[PDB]
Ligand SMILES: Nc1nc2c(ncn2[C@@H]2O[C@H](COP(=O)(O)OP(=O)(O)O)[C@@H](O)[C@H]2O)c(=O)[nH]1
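Read the single chain below, which is given as structure tokens and is the form solved without ligand GDP.
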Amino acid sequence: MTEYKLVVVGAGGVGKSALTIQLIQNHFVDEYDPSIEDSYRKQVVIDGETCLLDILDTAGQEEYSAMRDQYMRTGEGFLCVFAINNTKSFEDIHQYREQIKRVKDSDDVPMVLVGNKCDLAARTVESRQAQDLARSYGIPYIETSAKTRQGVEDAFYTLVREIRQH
């Protein structure tokens, strides 16, 4: 009955809701999460191990108040979602990252950077820049498409593996 409680973060404009819902429903979904935090749980098998995957979507990076900090009790690992067309999202993730680190009075946790909307032509993030930013943070860089191409699943498995390897 091993549980993995992993937190998804990112600026507004990405499909944080899509990431979780598509995985747990195994379906192409655009449905948007509510204006407040929303967590989902789904039974999964990872590397031969049967366990529960619990994914939390958060909202309002700065608005992530003590009321929401309650979730930080999970504290396992973080999946950071940005849009290839959304340059500013990188700064919002960084600042949001700094805040959640302060809440945990610590900074050595599993993290993965994931970029959505890679099929969009009109973007302003070069993948060379995005991956270098991930590399400077010492975290994996994965490109994904909410449409069908799932890279988020492996990202969660990476988070789990990093937890297992501490």
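Start at 1 and count along the sequence shown; that's the residue number.
Keep in mind that the form deposited with ligand GDP bound is not shown, yet the notes after this line are about it.
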Is residue 158 close enough to touch ligand GDP in the bound PDB entry, meaning at least one heavy atom pair within 4.5 Å?
-> no
Within a 4.5 Å heavy atom cut-off, is residue 49 in contact with ligand GDP in the bound PDB entry?
-> no
Would residue 29 show up as a contact with ligand GDP in the bound PDB entry if we use heavy atoms at 4.5 Å?
-> yes
Residue 126: heavy atom within 4.5 Å of ligand GDP in the bound PDB entry?
-> no
Along 143-164, which positions have a non-hydrogen atom within 4.5 Å of ligand GDP in the bound PDB entry?
-> 145, 146, 147
